[PDB]
Amino acid sequence: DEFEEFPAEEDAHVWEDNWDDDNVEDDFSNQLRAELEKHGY
Amino acid sequence: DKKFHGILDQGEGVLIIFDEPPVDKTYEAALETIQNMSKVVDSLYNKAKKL
Amino acid sequence: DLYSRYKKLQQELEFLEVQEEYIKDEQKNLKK
Amino acid sequence: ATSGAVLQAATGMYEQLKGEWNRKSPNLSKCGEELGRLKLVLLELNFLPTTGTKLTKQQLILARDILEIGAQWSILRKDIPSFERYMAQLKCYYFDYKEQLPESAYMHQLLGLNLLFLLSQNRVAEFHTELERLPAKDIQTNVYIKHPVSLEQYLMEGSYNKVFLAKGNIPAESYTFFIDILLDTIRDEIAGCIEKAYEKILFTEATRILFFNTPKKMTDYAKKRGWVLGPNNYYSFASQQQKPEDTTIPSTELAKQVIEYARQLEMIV
Amino acid sequence: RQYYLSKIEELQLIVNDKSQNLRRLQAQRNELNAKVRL
Amino acid sequence: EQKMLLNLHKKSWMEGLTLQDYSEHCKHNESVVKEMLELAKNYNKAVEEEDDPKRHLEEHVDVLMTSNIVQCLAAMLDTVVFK
Amino acid sequence: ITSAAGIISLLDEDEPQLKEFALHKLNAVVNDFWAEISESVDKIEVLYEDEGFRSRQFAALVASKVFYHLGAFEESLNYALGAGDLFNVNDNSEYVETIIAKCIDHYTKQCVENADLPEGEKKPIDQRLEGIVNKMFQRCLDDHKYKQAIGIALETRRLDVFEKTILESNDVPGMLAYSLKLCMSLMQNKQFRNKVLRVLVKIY
Amino acid sequence: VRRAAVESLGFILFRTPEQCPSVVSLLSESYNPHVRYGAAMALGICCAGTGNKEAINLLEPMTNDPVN
Amino acid sequence: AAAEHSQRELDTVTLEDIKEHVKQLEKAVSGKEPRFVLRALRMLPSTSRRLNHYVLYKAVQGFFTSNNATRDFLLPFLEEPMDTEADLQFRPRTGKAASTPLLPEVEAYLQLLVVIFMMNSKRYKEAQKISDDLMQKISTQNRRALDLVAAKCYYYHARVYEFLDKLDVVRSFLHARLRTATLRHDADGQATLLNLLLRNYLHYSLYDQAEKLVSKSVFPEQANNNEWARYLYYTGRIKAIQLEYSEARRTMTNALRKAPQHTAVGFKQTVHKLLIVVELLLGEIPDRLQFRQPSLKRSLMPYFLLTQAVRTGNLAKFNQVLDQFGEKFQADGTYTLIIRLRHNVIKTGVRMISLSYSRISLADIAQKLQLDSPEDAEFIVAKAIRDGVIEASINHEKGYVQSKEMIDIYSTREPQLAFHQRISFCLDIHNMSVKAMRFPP
Amino acid sequence: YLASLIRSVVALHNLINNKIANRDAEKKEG
């Protein structure tokens, strides 16, 4: 019972990727270094 | 480490204590039965292929 | 003909309803 | 012959109505009477395809423009029913005969008014349906359609201030009337948000909230809506939300549900 | 004339479903009676 | 004499509105649900290996449903009646 | 295209000719746009409610068609019967067939009720209902074989049209015996049996 | 009284013998034998002498009933 | 050539298949059950392929053959094989079987084969005449089983007018046929006709008309899961356009759940697109897996970019994806909804703030949502609270937004209501399963 | 709810078995 009325119109990774993976940000080491030097002084 | 039951309230400074309600065995067995008839429904999906 | 068919159908429907009611009653009695 | 004579007579009454309307003071009563008689002669002429004969294109044009002038006349009397009936009547001429008749700017105006009409009546769903009706290009290209779209978009993100400041971006007074009605509607919407969201409201900051330049314009709502004033001039809405149904067990309804369970379990069927 | 056709049609469908239900009820009763007799 | 012999085993009116021990009802539910779990395991094994768990499961379901429904309805009647 | 139903607003006017034209157009276009006129409801009904309106019958017909499209035949029958002449006498459309079927069902139920209590207590029947019923009778009589009008009549008592059917051309009197068979096979009312038998013996 | 109530089926349905085996198709298999006897008598009464071969079919195994 | 011989072999196995289908139709006619008809039309799509000109020629020369006008109508519309050596006389009807007129089921099925084959040959005008003749023949027939078959051809009829790009010369006819089915109390025909009419309405953008009808008409529950899915998708589109976003999301989720597993790639893609758009309108980030499915990866990739842009809060990215792929949305019929989301993005941020924090002040909300002024933040949060997206209240006295404290739901009546719905569904399922039981005589 | 689900699944299994049985009988008749 196919629905032919509606026409049926690289990154080949197997693991499930969560939305946060797409979010861009600096490395955690950089963030930790920045926070450490901010709170150090 | 699942030692003496209680939660610390750092906001005011307290460690509450309670009696750790058991687990309600009925609900756990209900979940197990739900899984079991999920398996039974998959088995019936294996059947019913004979129209 | 057509009226005969209509009356046949009415009578058969009523008879089937009577049989179904009796079956429900007898199922209850059999359960008891 | 007779149909041609009726068409020529209709052209004459349209000419008289146009002479009355294009004047800076388009007298409401005479224009309305002429428009009604034009409605009659249009019923005589046609209002549906029906016959397969090629209807005169000029006849469709003059019918459309008569309906446009009637729609523009309706707002002068501030009569909503006349505006909506003219709108719905000329919708057929706009859509059915699009492939044959041109599109003067006027319709866009009326179209925008129609959309803004719904903003005046808080009929936002009808506004979005009608927006879907229009072609995608005219949504953002034409100003007459752009203004109601932008106003609704500002209303949809809580940008009531943006609406208030964009009030002055209207190209006609036919807009201005529905813009005023939209001001009342948006004030009512803000009042409803205040009811649902907060629990205590101060008059002084509500003055900036509701865009009222006079405290008596808020005494209007203080008697229309009848908001209860607190001990320290604090309107209280804690009587709106409340915490009911958490103290009394329905029991009876649950008893009926359990009865239905027993029935469905014990039916022979 | 369409009166009779429509009426006998609706009556035929309802009597058909009623006969099917009666057959299944007959079978259910037969199973119950077999259990009772056993 | 038929009715006044019936008066022998007839339950009193206070028995209809009485409630089974709640601490006992929970234990009964736990026990029967665990039996139903074992029965569901057996039923899955039997149905999968086909191409009497069913009757036992149906009996346990009848017991559970009648007990819980009766207790719930008695609770509602008692809550409405005595206030 | 006719993709809009703004003609309903013409009913909101006050002049009569506007309402007449709107009702005629709606009746012409009921079969397609019943979704919109389903919200008009009262605006049409008051047109029939007012006695002084010139074309209340057209409004009644339009409302009956709209209700039939909605499916609430219990009011479609009332609004169709309220309208006269052009309401159903055309006997051409499927809507007309449905309306005549339902109204004659109402008629036969009412006839059964009247036969139950014929001591003056019998409820009255609208003369329009009787008119459409016997118009259907005459149409199925002069149309084809008369073995259907006889059955409808004996369903709705109506011994007059029974006698008319048997006393008309009736092809051959053999169908009369067929009727006798019905009178002894597919009816359980002894009170009706007496009248049917008396009619039969008179015809004999 | 159950026997008489079932036997009344023949008196109620002799005019239409076709319907009689349909209802009594299963009255003939009750748990109590009195209802079975009533079913048999109703079957005998309703259809008078018709070679139905359906009432005969129903009575074929019943004549082997353990009850006398 | 042996290739033509193998083609003849598959052709005659298709002949056996259609013979089995017409046998099932006749068994349904003589068995007082319409389920055999449903099974025949279930096997119908499978045999809609594997056919050619000679298959249908041998079909129409095996059945019919009563010298009726049907032969004069369907034979000229298709080609004929030559004097083949394998002149195997395929005659399912022998003598009296061929003498009696064909049942409406079998003639309707074979005429349906003609119209679908003609469509597969992509000459729509030729199939138009055969469809019109088919539905002239079946219009007068009042057979209950035929309605099932009628239902199917109904759909096919609308289908062919999709390739004729008219969709309007038949709208009144579909309205009348739907009304006839409604007075016939039919289930399948009414449902499929409602679905086709809704599709026509949305193809011509008459959303108000569709909303009016779905408010008036009632979709039969006892219908095909496929027709149920189509109706749910159309209703979800209606509610999304009508701003009833939550109900639209629920309806489209149900439609996706009732999709034919993996059979309709295009329908699932469209449903996923619309569901993603409406869920974004609600302020909820959709499931990521939707974008990584093998069949829906490229189709939803522009929607992946849209979701990333709105979640990141970068309105510039939103405008950019509008510029490049937004035109595709117009082909997908979602542009207006995408503009609504462009102007409703901030709702997602407000929902995120409500989810994370519990007493966040207005100034902090404005800072975290890029809002210029705290008063604008107050307006936005109040509107979001009123519109059923947030569960907070703003203490305007000192300007903090306190969320409604979470109460133990298990101590409330909500679990009882959920269990009541579940129990009612389970009992209804048991009643339906036991109700038929299909014990044959 | 658990008992009702158990009963519904049992009824569905019984209906599947009955449909399989009647189809088996129908196909074995020929």
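Evaluate the relative contact order of chain I (contact order divided by residue number), counting alpha-carbon pairs under 8 angstrom at least 6 apart; express in whole percent. Don't skip to the answer; put the middle values down first.
Details: 406 pairs, mean separation 31.5, N = 441.
Once normalised by length, the contact order is 7 percent.
Could you list D:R263, I:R35 so that the one with the fewest beta carbons within 10 Å of its beta carbon is first and the one with the most is last? If you can, show how the numbers build up before the last one.
Values: D:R263 10, I:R35 14.
With the fewest neighbours first, D:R263, I:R35 line up as D:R263, I:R35.
Take the residue pairs E:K7/I:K32; C:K24/F:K54; F:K54/J:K27 and return only those whose Cα atoms are more than 26 Å apart.
On the way: E:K7/I:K32 17 Å; C:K24/F:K54 24 Å; F:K54/J:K27 28 Å.
Those over the limit are F:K54/J:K27.
Could you give the angle, 0 to 90 degrees to the nearest 10, between helix B:25-46's Cα long axis and the longest principal axis of the Cα atoms of chain B?
The angle comes out at about 20 degrees.
How much length is gained if the chain between I:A97 and I:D72 is pulled fully straight, taking 0.36 nm per residue apart and subtracting their Cα-Cα distance, in nm to one decimal?
Numbers: separation 25, 0.36 × 25 = 9.00 nm, distance 2.02 nm.
Full-extension gain reported as 7.0 nm.
GNM on chain I, C-alpha springs below 10 Å: top fluctuator among I:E414, I:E126, I:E105?
Answer for the Gaussian network model of chain I: I:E414.
So how do I:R50, G:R56 line up by other beta-carbon neighbours within 10 Å, fewest first?
In order of increasing Cβ crowding within 10 Å: I:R50, G:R56.
Using helices alone, what [θ] at 222 nm do you get for chain A, with -39,500 (n - 2.57) per DSSP H run of 4 or more residues, divided over all residues and rounded to the nearest 500?
Details: 2 runs with 17 residues, N = 41.
Estimated from H runs of four or more residues: -11500 deg cm²/dmol.
Kirkwood Rh over Cα pairs of chain I into Stokes-Einstein at 25 °C, 0.890 mPa s: D in µm²/s?
Details: Rh = 25.8 Å.
Translational diffusion coefficient: 95 µm²/s.
Could you compute the FRET efficiency for A:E16 and G:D14, with r as their C-beta to C-beta distance and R0 at 60 Å, rounded to 0.05? The partial results should precede the final answer.
Numbers: r = 69 Å, r/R0 = 1.15.
Calculated transfer efficiency: 0.30.
Within chain D, which complete DSSP H helices have Cα atoms spanning at least 15 Å along the helix axis and a mean Kyte-Doolittle hydropathy of 0.0 or higher? Mind dumping the intermediate values first?
Details: long enough: D:2-22 (29 Å, -0.38); D:28-45 (25 Å, 0.49); D:57-74 (26 Å, 0.03); D:80-96 (24 Å, -0.30); D:105-121 (24 Å, 0.99); D:143-156 (19 Å, 0.24); D:173-197 (35 Å, 0.34); D:252-266 (21 Å, -0.53).
Membrane-span-like by this criterion, though nothing is claimed about a membrane: D:28-45, D:57-74, D:105-121, D:143-156, D:173-197.
Could you tell me the number of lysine pairs in the range I:229-364 with C-alpha atoms less than 26 Å from each other, where the two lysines are 8 or more residues apart or belong to different chains?
Total qualifying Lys-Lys pairs in the range I:229-364 comes to 19.
Working from the alpha-carbon coordinates of the range D:5-264, get Rg over Rh, Rh being the Kirkwood radius.
Numbers: Rg = 25.3 Å, Rh = 22.2 Å.
Reported Rg/Rh, Kirkwood definition of Rh: 1.14.
Enter the mean projected area of the convex hull around the alpha-carbon atoms of chain H, in nm², rounded to one decimal. Write out the running numbers ahead of the final one.
Values: hull surface 16.4 nm².
Orientation-averaged projected area of the Cα hull: 4.1 nm².
Could you identify which residue out of D:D79, D:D220, D:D184 has the top mean-square fluctuation in a GNM of chain D using Cα springs shorter than 10 Å?
Comparing D:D79, D:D220, D:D184 in a Gaussian network model of chain D, the most mobile one is D:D220.
Applying the Karplus parametrisation 6.51 cos²θ - 1.76 cosθ + 1.60 with θ = phi - 60° to the phi angles of the range A:30-41, what ³J(HN,Hα) value in whole Hz is obtained for each residue in order, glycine and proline being reported as x?
Coupling constants for the range A:30-41: 5, 4, 5, 4, 4, 5, 5, 6, 5, 7, x, 8 Hz.
If the reach is capped at under 20 angstrom between alpha carbons, list the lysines near C:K28, excluding any in the same chain fewer than eight residues apart.
E:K18, E:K35, I:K435
What number, in nm² with one decimal, is the all-direction average of the projected area of the convex hull of the alpha-carbon atoms of the range I:116-185? Don't jump to the answer; show the numbers that get you there.
Values: hull surface 18.1 nm².
If you wrap the Cα atoms of the range I:116-185 in a convex hull and average its projections, you get 4.5 nm².
Using alpha carbons only, how many degrees (0 to 90, rounded to 10) separate the axis of helix G:16-40 from the longest principal axis of chain G?
For G:16-40 against chain G, the angle is about 80 degrees.
Relative contact order for chain G using alpha-carbon pairs under 8 Å, separation at least 6, rounded to a whole percent?
Values: 178 pairs, mean separation 21.7, N = 204.
About 11 percent, as a whole number.
Which distance in nm do the two modelled labels at E:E31 and G:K181 give, with both placed 7 Å along the Cα-to-Cβ direction?
Using points 7 Å along Cα→Cβ, the separation is 4.4 nm.
Can you give me the orientation-averaged projected area of the convex hull built on the Cα atoms of the protein assembly as shown, in nm²? Could the numbers behind the result be given before it?
On the way: hull surface 285.3 nm².
Over all viewing directions, the protein assembly as shown projects a mean Cα-hull area of 71.3 nm².
Can you spot the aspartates and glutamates whose alpha carbon is less than 20 Å from I:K398's alpha carbon? Ignore those fewer than 8 places along the same chain.
Of all the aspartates and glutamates, those that pass the test against I:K398 - Cα under 20 Å, at least 8 places apart if same chain - are D:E195, D:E199, D:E205, I:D364, I:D372, I:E375, I:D376, I:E378.
Stick to Cα atoms and the Kirkwood definition of Rh, then tell me Rg/Rh for chain G.
Working: Rg = 20.8 Å, Rh = 19.1 Å.
Rg/Rh: 1.09.
Could you give the spread of the C-alpha atoms of the range I:310-441 along their three principal axes, from largest to smallest, in whole angstroms?
Its Cα atoms span 77, 48, 20 Å along the three principal axes.
In whole Hz, what ³J(HN,Hα) sequence does the range I:52-66 give by Karplus (6.51, -1.76, 1.60; θ = phi - 60°), x for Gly and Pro?
9, 5, 5, 4, 6, 5, 5, 4, 6, 8, x, 8, 6, 6, 9
Starting from the exponent 0.38 and prefactor 2.2 Å, build the expected Rg for the range D:66-158 from its residue count and divide its actual Cα Rg by it. Walk me through the intermediate numbers first.
Working: Rg = 13.0 Å, N = 93, 2.2 N^0.38 = 12.3 Å.
The range D:66-158 yields a ratio of 1.05.
Just I:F304, I:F419, I:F36 to compare: in a GNM of chain I, with alpha carbon springs under 10 Å, which one fluctuates most?
Among I:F304, I:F419, I:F36, the largest GNM mean-square fluctuation belongs to I:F419.
How about B:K25: which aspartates and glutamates have a C-alpha closer than 18 Å to its C-alpha, ignoring those fewer than 8 places off in the same chain?
Straight-line reach from B:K25, under 18 Å: F:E24, F:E30, F:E35, F:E38.
Which whole-number percentage describes the relative contact order of chain D, with Cα contacts under 8 Å and a sequence gap of 6 or more?
Details: 178 pairs, mean separation 30.0, N = 269.
It rounds to 11 percent for chain D.
If I take the Cα coordinates of the range G:127-204 and project them onto the principal axes, what are the three extents in Å, biggest first?
Cα spread of the range G:127-204 along its principal axes, largest to smallest: 30, 28, 20 Å.
Hey, fewest Cβ within 10 Å first, where do D:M218, I:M252 land in order? Kindly include the intermediate steps, with their values, before the conclusion.
Values: D:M218 18, I:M252 26.
Least to most surrounded, the residues fall as D:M218, I:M252.
State, to one decimal in nm, how far the label point of I:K23 lies from the label point of G:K190, with both points 7 Å from Cα in the Cβ direction.
It works out to 5.7 nm between the two label points.
Note down the Stokes-Einstein diffusion coefficient of the range F:14-83 in µm²/s, whole number, using a Kirkwood radius over alpha carbon pairs, 20 °C, and 1.002 mPa s. Walk me through the intermediate numbers first.
Numbers: Rh = 14.0 Å.
Rounded, D is 154 µm²/s.
Note the angle between two axes, namely the Cα long axis of helix I:124-140 and the longest principal axis of the Cα atoms of chain I, as a number of degrees from 0 to 90, rounded to the nearest 10.
80 degrees
Would you mind computing the Rg to Rh ratio of the range I:170-317 from its alpha-carbon coordinates, Kirkwood style for Rh? Working shown, then result.
Details: Rg = 16.7 Å, Rh = 16.3 Å.
A ratio of 1.02.
Within 10 Å of each Cβ in I:384-393, how many Cβ atoms from other chains are there, averaged over the peptide?
Values: counts 4, 4, 9, 4, 1, 0, 1, 0, 1, 7.
Average per residue, whole number: 3.
No Cβ is skipped: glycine too gets one built from the backbone with ideal geometry, and neighbour counts run over all protein chains shown. Any read-out appearing in this document is the output of simple, stated calculations on the displayed coordinates, not a laboratory observation.
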